[PDB]
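The form deposited in one PDB entry is given below as one chain in structure tokens.
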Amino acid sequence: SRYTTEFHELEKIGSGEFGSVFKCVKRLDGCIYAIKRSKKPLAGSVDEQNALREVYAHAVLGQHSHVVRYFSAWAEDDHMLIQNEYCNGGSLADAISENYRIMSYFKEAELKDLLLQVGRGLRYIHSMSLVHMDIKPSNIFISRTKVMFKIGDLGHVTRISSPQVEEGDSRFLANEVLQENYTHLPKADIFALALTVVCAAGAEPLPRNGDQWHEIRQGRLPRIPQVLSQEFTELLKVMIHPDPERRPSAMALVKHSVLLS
């Protein structure tokens, strides 16, 4: 087995209906990688389509400092394996959970740093005529150097041009995508990034549906318990503007005065 041959398992760092993720050291270079191991999906299925989006997204993207680097992908023994960069800080979701446990928080400055860094990742992805379509804390990963935020889980990535949309988490989904309007998909990533930052900011668990879900798509923010400048607030507000054309592009976002730097 190539997996056992090329790598030594150190620890399981993830599990679910996607299979498992392992922290592994590669014997040859002594470096650490996150390897996802999963049952090879049924030919022609959803998870196969989702899985191929991931492979063919790397084929295009290459390498960027705010996107989790992809090294290789293979299949064997009726499983598929994908070898990615290992980010020692876990995901933003883990960090948010840890913040509540020990009762710390991300300073307003650190919220802005998060927004800029992920924003840079998004600008790169969008420049390659791709959209991520599943931005949320659990898909943002952290490397501690003094910190790098990196976009991961490319399983929903689709083309801007000929988009094949597997809808992302309902909690971070812009209404126009739910309305099968795919004419401005980059702006959906922006919408989801705003709510991601609001989660980091200490806001309550986002609604999956119902009234409060709609109230957000009406362009109003969840309550943030920290003291954020009225202008950082206004940046986040316009990022969930009902009209996705009023939302800034990724490139407009990373050049914003509020975030420099």
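In case it trips you up, residue 1 is the first one in the sequence shown, and so on. Here the rigid core means the biggest group of C-alpha atoms that line up within 1.5 Å when the two forms are laid on top of each other. Only residues modelled in both forms are compared.
Modelled in this chain, residue 99 is likewise resolved in all the other entries of the protein that span it on both sides, not missing from even a third of them.
Coordinates for residue 132 are present in every one of the other compared entries of this protein that model residues on both sides of it, well short of the third needed to count it as often missing. According to the entry, the stretch of the deposited sequence that connects residue 145 to residue 146 contains 10 or more residues lacking coordinates, which leaves a long gap in the model. Look at the mean CA B-factor for 74-82 and for 117-125 in the entry; the higher one is 74-82. The mean C-alpha temperature factor is higher for 157-165 when 131-139 and 157-165 are set side by side.
Across 235, 67, 32, 200, the entry's maximum B-factor at the CA atom is seen for 235.
Each of 185, 95, 103, 173 has a CA temperature factor in the record; the biggest one is found at 103. Compared with the other modelled residues of the chain, the Cα B-factor recorded for residue 212 ranks in the highest third. Ranked within its chain, residue 16 lands in the highest third, by CA B factor from the PDB record. Among the modelled residues of its chain, residue 110 has a C-alpha B-factor that falls in the middle third according to the deposited record.
Annotation for residue 27: C-alpha temperature factor in the middle third relative to the rest of the modelled chain, per the entry. Residue 36: CA B factor in the lowest third of modelled residues in this chain (values from the PDB entry).
Just so it is clear, the following notes concern the form deposited in another entry, a form of the same protein that is not shown.
Superposing the rigid core between the shown form and the other one leaves a single residue from 164, 129, 170, 88 with a C-alpha shift of at least 2 Å: 164. In a rigid-core overlay of the protein, residue 61 has its C-alpha displaced by at least 2 Å between the shown form and the other one. Once the rigid core is used as the reference frame, the Cα position of residue 183 differs between the shown form and the other one by less than 2 Å.
Core-superposed comparison between the shown form and the other one: CA of residue 104 displaced by 2 Å or more. In sequence order, 45-50, 58-62, 100-104, 161-164 are the runs of at least 3 consecutive residues whose Cα positions differ by 2 Å or more between the shown form and the other one once the rigid core is superposed.
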